[PDB]
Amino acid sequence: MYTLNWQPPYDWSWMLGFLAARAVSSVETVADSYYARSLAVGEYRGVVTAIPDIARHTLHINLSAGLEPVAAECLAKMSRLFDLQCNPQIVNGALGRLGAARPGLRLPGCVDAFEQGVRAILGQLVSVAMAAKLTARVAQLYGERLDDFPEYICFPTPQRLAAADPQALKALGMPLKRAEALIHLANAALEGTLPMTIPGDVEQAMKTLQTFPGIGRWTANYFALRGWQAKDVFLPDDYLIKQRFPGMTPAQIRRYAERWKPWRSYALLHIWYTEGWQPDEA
């Protein structure tokens, strides 16, 4: 139905693949030709379906009737999720070799910063697939079901998780401390304290984010990257990253990662996805 453009190349298999691995049961659905999920904008609700058209560099978005009144916001959320704004020539041009193997690489964003915040936290310490298992359990218990599409369930809203029993969340498969962080975040989201759009000063906003309980430097960075689509942040504390930089302290990796400014976020993604990458033999 609705259509948005993008500049080539765009590696849709990598992107769908990436989203598929972290997908949450009942919320999202990923296949090789499309992406689709439940979506709430205020108290408007429905299902969004995105279908890329490689041929014409266009992404077709479809909205169930419930979302129509806020169609444009729905489109905006989709474009931030798929990084339709990226100009590969600028990025791949600046990263040289690091990006030559997958010039179609994009930054997987989110559809709602609060959700991404809940997602980032649950992803602490555990595996990617394990966090999806956990997020699925949290959603199942606190998310609203779509009347028009019982198969789908909306990601738990800020007000619901805000009014949730720490013990209940703990019971889902996380420490008390973790669940306390989720509830805290929900309140910031209610009060309008959790930036939902990227702030002008990402570094400062991340420092503030770090005062939040349960949110350390890793979480604030990952969240800035996915939740704000901040394009210049590296994850020197990441698990996989520590392995791509065999025997290197976080500050070292961060110093090294500086050669990729102002697109560190993209360099990070290329490293995560370059099987045998290794720092320059210099």
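Numbers follow the displayed sequence, beginning with 1.
- Across the two stretches, 65-73 and 236-244, the PDB entry reports the greater mean Cα temperature factor for 236-244.
- Stretches 75-83 and 205-213 differ in mean C-alpha B factor, with the higher average recorded for 205-213.
- Of the candidates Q229, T29, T219, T249, the deposited coordinates give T249 the top C-alpha B factor.
- Out of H184, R119, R145, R106, it is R145 whose C-alpha atom has the highest B-factor in the PDB entry.
- Among the modelled residues of its chain, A179 has a C-alpha B-factor that falls in the highest third, as given in the PDB entry.
- For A267, the recorded CA B-factor ranks within the lowest third of the chain. Only modelled residues enter the ranking.
- In the PDB entry, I253 places in the highest third of its chain by CA B-factor.
- The PDB entry assigns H57 a C-alpha temperature factor belonging to the highest third of its chain's modelled residues.
- Per the PDB record, residue ranking by Cα B-factor puts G173 in the middle third of the chain.
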